[PDB]
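The chain that follows stands alone, in the form deposited in one PDB entry, written as structure tokens.
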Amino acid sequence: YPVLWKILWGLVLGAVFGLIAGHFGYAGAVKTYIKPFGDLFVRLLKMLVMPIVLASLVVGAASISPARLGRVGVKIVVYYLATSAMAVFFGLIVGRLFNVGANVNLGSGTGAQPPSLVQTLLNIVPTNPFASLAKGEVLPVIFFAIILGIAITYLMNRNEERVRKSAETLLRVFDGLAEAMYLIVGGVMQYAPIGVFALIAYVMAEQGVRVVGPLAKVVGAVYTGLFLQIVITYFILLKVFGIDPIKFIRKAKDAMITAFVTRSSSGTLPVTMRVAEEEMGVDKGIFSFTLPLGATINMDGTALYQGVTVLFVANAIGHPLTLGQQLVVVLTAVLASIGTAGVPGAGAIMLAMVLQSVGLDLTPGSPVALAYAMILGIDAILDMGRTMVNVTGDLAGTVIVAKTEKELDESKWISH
């Protein structure tokens, strides 16, 4: 059965299974007897994340010039900010069509300390990479791996045979590791149809029943807005750089479906990278840098979930956001999506920062704190679709930057 089209079978069936079990009251059998298999699928991808990030980027940063890496960053970051900003802008319009939370009708009454930005930045530079590796801190690994692979290529270009042979040997240890990791990613993706089925079956069972109210109308709204981001911003950007966007989606889909049901960008980095190499044809000089960075700081789906649910609260308490306030949201939902860790649920946690920025404080027991908790009740329903666009923008950004740097192997894009 076509493995491009079989992981898609597990997604649908688990969704029907979980919706059916959820609508019929067996979600506790699904948590006990089905949830563990998706958890196994999650643990397997998780173990690959730290080595496959470290090794691919040491290799990739050696296997390219600094000035390219530097131009890749400036390019990928210019793309990343603007695709995030467009996501906020799309959620705001999609939130109004669906008219989210206007019928929740809570009275509220007429109404900062922004987190230090510098310490988050200094936090990029690790102070012990063995610790950042053991703690799982991807962004500090990205920094050390680039710094390291850059130094390895410098040492490969030295007059000594003794120095060249030591540095070149080190780089082979990383190349040996990276090639081994991409191998297992492909092997675990044999189980991927099952883990997908279990995760979506557990999720649909627990919060299926909850997608029935104006929360259901929220879900309708968030998924619609995510879609526009793809078919408008990604397809147009993809088609703009001469990439058949249908060939792009057809290649991304393994990374999209694991992103969806694991609700973790960082947890689906291995599939996103293996998709970026085998299917997409990107060179490690590119995706070994952009794909892990984007798993953290490029969350188009979160920046749009945050845009849609922020309108839901202000409507739900009778203090709708003015225009001048929605323009603060574009700034601050981008900032919060940059800050959102790539693990399940962290986007809701960061949504608070976005409210605190427009003057909707979450004082406990207040009407605002009530609307926030209506959202967190369907968070997994919205979490799946959110992480998917967080990854898809990482691939569309990697593929687009690659065709710009001549680092895209066009032999992989031929319907024959």
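What we label the rigid core is the largest C-alpha set whose atoms superpose within 1.5 Å from one form to the other. Numbers follow the displayed sequence, beginning with 1.
The segment from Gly242 to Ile243 is modelled without interruption, since every residue of the deposited sequence in that interval carries coordinates. When 319-327 is weighed against 199-207, 319-327 comes out higher, by mean CA B-factor as recorded in the entry.
Mean CA temperature factor is higher for 22-30 when stretches 22-30 and 376-384 are set side by side in the entry. Of the candidates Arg164, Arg263, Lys135, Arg274, the deposited coordinates give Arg164 the top C-alpha B factor. Out of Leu335, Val74, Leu97, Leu122, it is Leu97 whose C-alpha atom has the highest B-factor in the PDB entry. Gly220 sits in the highest third of its chain by CA B factor, as recorded in the PDB entry. When the modelled residues of the chain are ordered by C-alpha B-factor, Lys247 sits in the highest third. Among all modelled residues in this chain, the alpha-carbon of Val59 has a temperature factor (C-alpha) in the lowest third.
For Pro66, the recorded CA temperature factor ranks within the highest third of the chain's modelled residues. When the modelled residues of the chain are ordered by their C-alpha B factor, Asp394 lands in the middle third.
The following text describes the form deposited in another entry, which does not appear among the structures shown.
With the two forms fitted on their core, the C-alpha shifts between the shown form and the other one stay under 2 Å for all of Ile147, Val77, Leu155, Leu106 except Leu106. Once both forms are fitted on their core, a CA shift of 2 Å or more is seen for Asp361 between the shown form and the other one. With the core held fixed, the Cα of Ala276 is displaced between the shown form and the other one by less than 2 Å. With a cut-off of 2 Å and the rigid core superposed, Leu376 has a Cα displacement that falls short of the cut-off between the shown form and the other one. Note on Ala380 and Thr340: their C-alpha atoms are more widely spaced in the other form, a change of at least 3 Å from this conformation. The Cα-Cα distance between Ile378 and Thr340 is lengthened by 3 Å or more in the other form relative to the form shown here.
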